[PDB]
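Trainee: okay, here's the opening piece of the assembly, coordinates as they are in the complex:
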Amino acid sequence: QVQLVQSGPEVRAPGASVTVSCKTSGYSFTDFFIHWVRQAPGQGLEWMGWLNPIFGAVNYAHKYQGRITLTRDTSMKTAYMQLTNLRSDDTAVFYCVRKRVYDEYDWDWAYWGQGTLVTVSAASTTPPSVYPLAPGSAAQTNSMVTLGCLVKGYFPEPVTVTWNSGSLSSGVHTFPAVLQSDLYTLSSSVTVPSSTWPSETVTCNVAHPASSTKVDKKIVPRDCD
């Protein structure tokens, strides 16, 4: 079975370099080209180049010619891609890919690697601040009340947000993260019956595995004078 296994995700600063490996199994390595495809969030799939394992012949797309190097290790059945002078908008998922059938058309890419995410940021591992969002003091008690949780200024993605240790899932809205501050921020909302809160505890559980961070913040009614 043809298998393309790539290396783990990498975080790099602008101007640094990155190298991605593609370990190959399941076929005769020297009989197929290896292409590399870039997948950016709003740029949707872009070919970067191929390497012929017979010797080290390469073809580099014009847009990448000065910044890309494609090598291989036929003994280990592994292809490599090196990218230099990484820019702020170079964040992308890079794929290692092979064609469908030997000797035939070269661009019918039936076998992909799992992909390697490379994140370019000047930021370092930063834990998030967890801020509670509670209604405004008076709390005009309708049937149900919407609470919230603001997870601000963390790096890198992801974070997991639960409500009451997962006991509350109905009416929960954890929103996709956004990027300003060179950091990430997401908000989450839970809507419970007005007889539930503040009568019973509603806590916001936030987990940031990158920075060894797990915080719980109980939502308390605001006090005013």
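Mentor: Everything's here; your move. Numbers count the residues shown, from 1 in each chain, chains lettered A, B, ... in the order given.
Trainee: Pull the distance from whatever helix or strand residue A:132 lives in to the chain's centre.
Mentor: Assigned by DSSP states H and E, residue A:132 belongs to strand A:129-133. Distance of strand A:129-133 from the chain centroid (Cα atoms, centre = their mean, to the nearest Å) equals 23 Å.
Trainee: which other residues reach that strand?
Mentor: A:147-153, A:187, A:189, A:204, A:206, A:215, A:217-220 (Cβ atoms under 8 Å, 6 or more residues apart in numbering). (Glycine included, C-beta is placed from N, CA and C.)
Trainee: ok, now stretch A:30-37?
Mentor: Residues outside stretch A:30-37 that contact it (Cβ under 8 Å, 6+ apart) are A:20, A:22, A:24, A:45-54, A:70, A:72, A:74, A:79, A:81, A:94-99, A:102, A:106, A:109.
Trainee: out of those, which are buried?
Mentor: Buried members of the contacts of stretch A:30-37, scored by 16 or more other Cβ atoms under 10 Å, are A:20, A:22, A:24, A:47-51, A:53, A:70, A:72, A:79, A:81, A:94-99.
Trainee: The residues you listed in helices, which ones?
Mentor: Secondary structure from DSSP state H places none of these in helices.
Trainee: Pull up the pairing partners for the helix or strand following the strand holding residue A:132, direction included.
Mentor: Helices and strands here follow DSSP H and E; after strand A:129-133, the next one along the chain is strand A:144-154. Partners of strand A:144-154 in the sheet, by DSSP bridges, are strand A:129-133 (antiparallel), strand A:183-193 (antiparallel).
Trainee: now, of those, which is deepest in the fold?
Mentor: strand A:183-193 (a mean of 19; mean count of other Cβ atoms under 10 Å).
Trainee: doesn't residue A:68 make contact with residue A:48?
Mentor: Yes - using Cβ atoms under 8 Å, residue A:48 is in contact with residue A:68, at 6.1 Å.
Trainee: following sequence is chain B, place it on the structure:
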Amino acid sequence: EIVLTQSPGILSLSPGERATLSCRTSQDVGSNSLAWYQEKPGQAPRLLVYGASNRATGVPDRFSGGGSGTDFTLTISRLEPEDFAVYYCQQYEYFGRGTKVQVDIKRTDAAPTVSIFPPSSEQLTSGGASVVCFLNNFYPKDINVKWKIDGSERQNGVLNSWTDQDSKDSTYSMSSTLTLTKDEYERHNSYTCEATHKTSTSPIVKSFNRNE
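Mentor: Next up, chain B placed on what we already have:
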């Protein structure tokens, strides 16, 4: 070069309907070159069709590719929940900019539930101030949010986030967060959140005065 124009860019449909994806190349490419790919977030792209009309291994008969000269079509006969993704046109090393099919189970129109939250006291201790405003459980997806500090339109510092269609009530939700320095926050009083939706001819407004 060879440019591949995929139309339309966005394609909103409901499970069960038929999706016809177009792709037009700048040159004649015969009838045995163009290939289609399926891109779903979290997994590698998947080859769907090669040689314009040949189904790849493991793809069901729901996916059908056609066309010859410069007009090509990827057709999805019945469109399952698995099929909602973005699909790419390919010839040689060149790609179309993609066409996304979106889940949109049809529904009756629903007003958003707007909730505005002042900056918490914990954030103000750290010199920051964020005003969060949720717009929950509305339909259709199209919605617009305006922020008004002291009656003036505020555009800087607004960052939005949208959920996909909820898998239980066929609605959408959006979160808007206005971020300010704690100083600029303490220099104004009324912070209001304005939501324009298809349902009401006048916007839904939630507000709070820092005086109370």
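Trainee: ok chain B is loaded, check the contacts of strand A:129-133 again?
Mentor: A:147-153, A:187, A:189, A:204, A:206, A:215, A:217-220, B:117, B:119-120, B:122-123, B:126, B:130, B:132 (Cβ atoms under 8 Å, 6 or more residues apart in numbering or on different chains).
Trainee: please redo it, this time with the cut-off set to 7 Å
Mentor: With Cβ atoms under 7 Å, 6 or more residues apart in numbering or on different chains as the test, strand A:129-133 has contacts from A:147-153, A:204, A:206, A:215, A:217, A:219-220, B:117, B:120, B:122-123, B:132.
Trainee: Of these, grab the buried ones for PyMOL.
Mentor: To isolate the buried ones among these in PyMOL, judged by 16 or more other Cβ atoms under 10 Å in any protein chain shown, type:
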select buried, (chain A and resi 147+148+149+150+151+152+153+204+206+217+219) or (chain B and resi 117+120+123+132)
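Trainee: Flag every residue of chain B that's near chain A.
Mentor: B:35, B:44-45, B:47, B:50, B:56, B:88, B:90, B:92-93, B:95, B:97-98, B:115, B:117-118, B:120, B:122-123, B:130, B:132, B:134, B:136, B:159, B:161, B:163, B:173, B:175, B:177, B:208, B:212 (Cβ under 7 Å from any Cβ of the partner chain).
Trainee: and residue B:95, what is it in contact with?
Mentor: Residue B:95 touches A:44-46, B:4, B:88-89, counting by Cβ under 7 Å, 6+ apart.
Trainee: Now the closest residue in space to residue B:204 that isn't next to it in sequence: which helix or strand?
Mentor: Nearest-residue entry for residue B:204: residue B:195, 4.4 Å, with adjacent residues in sequence omitted and distances by Cβ to Cβ, 6 or more residues apart in numbering or on different chains. Using DSSP H and E, residue B:195 sits in strand B:190-196.
Trainee: Past that strand, which element shows up next along the chain?
Mentor: That would be, after strand B:190-196 and using DSSP H and E, strand B:204-209.
Trainee: Residues of chain A that sit close to chain B?
Mentor: A:44-47, A:61, A:95, A:100, A:107-110, A:112-115, A:131-133, A:136, A:146, A:148, A:150, A:152, A:173, A:175-176, A:178, A:180, A:186-187, A:189, A:224.
Trainee: As chain C, please add this:
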Amino acid sequence: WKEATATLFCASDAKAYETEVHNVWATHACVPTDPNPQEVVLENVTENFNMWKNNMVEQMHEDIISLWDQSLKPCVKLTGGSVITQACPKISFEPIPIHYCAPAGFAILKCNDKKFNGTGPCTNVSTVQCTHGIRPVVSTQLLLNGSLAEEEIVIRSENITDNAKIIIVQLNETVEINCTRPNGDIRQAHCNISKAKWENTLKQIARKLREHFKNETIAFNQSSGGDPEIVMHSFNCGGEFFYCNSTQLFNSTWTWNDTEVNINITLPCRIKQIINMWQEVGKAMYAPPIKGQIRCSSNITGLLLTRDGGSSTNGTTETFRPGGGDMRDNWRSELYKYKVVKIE
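Mentor: If we add chain C to the chains shown above, we get the following:
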């Protein structure tokens, strides 16, 4: 004239007494040459040839692999976990013409169209028993000592707009290349090529390339990477492996206005002892070069090119770099005219 695969045999004028290594192989693997061979010009005949799917190429490949494997003696050979050490004496090395012949009951059809692009129908067709004498020169980037096109330079590719597919240029005029290891560093050598002759050839090649990329600026650029055997014009001269920096010959741009109009071009070369084998994946180390002048003046009659892909962000310019490596393309440049057919 139905076409099928058939085991070929070879004919050559090899000398039974020679120790030259091509002569030794041909003496016991081929037969003598027909002095006055027959050639019947077929009339009102049209057949389809395909140089890119020619079994004659694969058969000649097995021959020259077999030749080299029982001929060149490296001191150490590294072939997948295995490593061999043996005596490595210098050999007499100069390729001779090898004809390829159809067995009884088969024939060879030769396409005589002088603008034949490599695939599709051919109208002026001949039938012969054997091909012309083909010298099996192992090289990269440049095709040496081959046969010329009979009218204009011809560009050949399985699909010219597919950057993954090699381009074989066939010239109609020879361009000399004199390579010398002067009798300092005993691995240092050079090759001289006429500046005017080469630059005039690039002009005409760009024009033929311009026909498949109408308007468009044609550019020649140095190899983008790979092992030394393909980044440098690589070839064997007298048993020694030459590696020549060819940058000076691929460093020019031509627009639809540059096709509108002595001194040498001398490339620095190295004689390497550690070579990357082309027959199989593996590394072979040979002995240091012989002493004395090492001279061989070959004829450049073809080029192996690879076109850069991707959307050029300038606007419109095609870039071609020297390719090679798969020696099947070398035999292909000589076997494109022929195909084997069972007599029916």
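Trainee: The contacts of strand A:129-133 again please, chain C included this time.
Mentor: A:147-153, A:204, A:206, A:215, A:217, A:219-220, B:117, B:120, B:122-123, B:132.
Trainee: Bridge partners for residue C:98, pull those for me.
Mentor: With DSSP bridges as the rule, residue C:98 is bridged to residue C:134.
Trainee: Now do the SS call for residue C:56.
Mentor: Using DSSP: H, G, I helix; E, B strand; the rest coil, the structure places residue C:56 in helix.
Trainee: phi, psi of the spatially closest residue to it that is not a sequence neighbour?
Mentor: Closest residue in space to residue C:56, ignoring its immediate chain neighbours: residue C:335 at 4.9 Å, by Cβ to Cβ, 6+ apart. Backbone torsions of residue C:335, given as degrees, to the nearest 10, read phi -100, psi 10.
Trainee: what's the neighbour count on residue 200?
Mentor: No chain in the question, so chain A it is. Neighbour count for residue A:200, taken as other Cβ atoms under 10 Å in any protein chain shown: 10.
Trainee: ah, I was thinking of chain C
Mentor: Neighbour count for residue C:200, taken as other Cβ under 10 Å: 14.
Trainee: what kind of secondary structure is it in?
Mentor: helix.
Trainee: what about residue C:36, distance to chain B?
Mentor: Applying Cβ to the nearest Cβ, to the nearest Å, the value for residue C:36 to chain B is 46 Å.
Trainee: Could you give the number of residues near that residue?
Mentor: 4.
Trainee: Can you give me the separation between it and residue C:97?
Mentor: 17 Å (Cβ to Cβ, to the nearest Å).
Trainee: now residue C:71
Mentor: Counting by Cβ to Cβ, the gap from residue C:71 to residue C:97 is 17 Å.
Trainee: ditto for residue C:344
Mentor: Taken as Cβ to Cβ, the span from residue C:344 to residue C:97 is 30 Å.
Trainee: again with residue B:202
Mentor: Applying Cβ to Cβ to residue B:202 and residue C:97 gives a distance of 92 Å.
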